[PDB]
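Taken one at a time, structure 1 and structure 2 that follow are two forms of one protein chain, written as structure tokens.
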Structure 1
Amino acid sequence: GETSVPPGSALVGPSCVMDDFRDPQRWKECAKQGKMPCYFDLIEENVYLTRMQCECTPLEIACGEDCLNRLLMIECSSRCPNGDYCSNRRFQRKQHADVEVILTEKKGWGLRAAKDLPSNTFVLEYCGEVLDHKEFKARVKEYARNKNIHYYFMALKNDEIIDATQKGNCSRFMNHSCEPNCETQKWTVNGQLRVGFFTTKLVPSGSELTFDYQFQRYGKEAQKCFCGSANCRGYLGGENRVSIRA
């Protein structure tokens, strides 16, 4: 039939907002109604189970692209020459991009840009429980036995795996794309390695934020990939990195 501009529609039961992730009672209400994802423990920094001073002239960006710390993926300290105005303390100040959580047709929940994000914009820290090999192997078996639909593991370093299944932040919702618009970067903050999502191109407002989910991509089992990209590899998992054998 003939289509028309719809009338203005207001909700009656108030809509769920991003600040409701810091409000457990409202979140659990919204989740029952399917207006928010299943509850998890929102954490501000990683939970463990088991010097560097730039030459930036005090200030049009304070500790911009030429900052000797930034160049090595090291954050500045409170002693930075630019003091409070240092732009290279993003993890410490939790200077996350403007993001919104969305419900996708096929992949579950996801993350979208709420503003245009330039290339190499800090999106969010990937926070979770930091697991040793033993705990990781146990939880892999635990999650497999429970038939978990989604995975939230990310390697931090060769002996440490972040698990955001139970505890983390909204970065846990990031979905895989075969042609992604974000990457992870591992930054040193007060001597401790932390991992965050960063855009790899200009991401326009309203676009889903996506990454190459390496943990699953190179794992043994596979699943249908719903990324929709022009050169989608068809499935996620069961792949090996390039090698030249024999």
Structure 2
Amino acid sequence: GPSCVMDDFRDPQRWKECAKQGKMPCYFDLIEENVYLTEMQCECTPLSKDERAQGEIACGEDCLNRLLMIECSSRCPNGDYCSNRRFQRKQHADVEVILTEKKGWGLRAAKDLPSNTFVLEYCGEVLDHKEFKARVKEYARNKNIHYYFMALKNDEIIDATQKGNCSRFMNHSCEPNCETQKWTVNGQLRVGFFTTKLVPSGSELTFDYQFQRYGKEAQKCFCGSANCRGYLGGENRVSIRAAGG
């Protein structure tokens, strides 16, 4: 199947022509941070010049901000060396977009990824419940096959259908190698994907959607795992009202 690096999505004209030949996924508006449809420091002791030369970690495993899933600000005692500003600095894993046999486009590791590595943030338009129902009605009228809604918090759904980044290509697996982590950046909640184990180079990156299905028919799962649940969404259908947070 064809593949494409994250640099290929920065040129809209070249991408739109590759899409006509099926070498790249269908066009969407590339964004690097959530767009709303309707508009203290940690206590880590700063690392010395010797500690940074050795390779020691600033705001590592012990950081108090890291523990409450809060990213540090520019005012961090470790300053520019703080390793707890990954969403802000876009310190993404090396990933490529690939065409899968039956799930549409997907994401794959371009390098070996250690466990608990930040992959990408799940970006998109943040909708309230009325706006979410409006998009549900539009996508139902369009007969869309793929769905890009991610529950963020009460009355906040991220919709990556029209605007988002390459995280919108992460497929579901019943035995996944990634998970979401909800992080607070400047008081705002964000969802990111993180590896849950060592992911070898060339492997597809997947997560458990824990899908809340409002559709009448459930989508069959093609994850190919021995423990496959057979469907995205399980047995029960919830109402449009309940699926959206």
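The term rigid core refers to the most C-alpha atoms you can superpose between the two forms while keeping them within 1.5 Å. Counting starts at 1 and follows the sequence of structure 1. Only residues modelled in both forms are compared.
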property: Rigid-core fit between structure 1 and structure 2, the member of 179, 66, 45, 221 whose C-alpha shifts 2 angstroms or more; result: 221
property: Displaced residue check between structure 1 and structure 2: residue 232, CA, 2 Å or over, core reference; result: no
property: Displacement in Å of the C-alpha of residue 131 between structure 1 and structure 2, rigid core kept as reference; result: 0.3
property: Core-fitted comparison between structure 1 and structure 2 - CA shift at residue 144, Å; result: 1.2
property: Where the chain shifts between structure 1 and structure 2 once the rigid core is fitted, runs of at least 3 with Cα moving 2 Å or more; result: 13 to 18, 214 to 221, 238 to 246
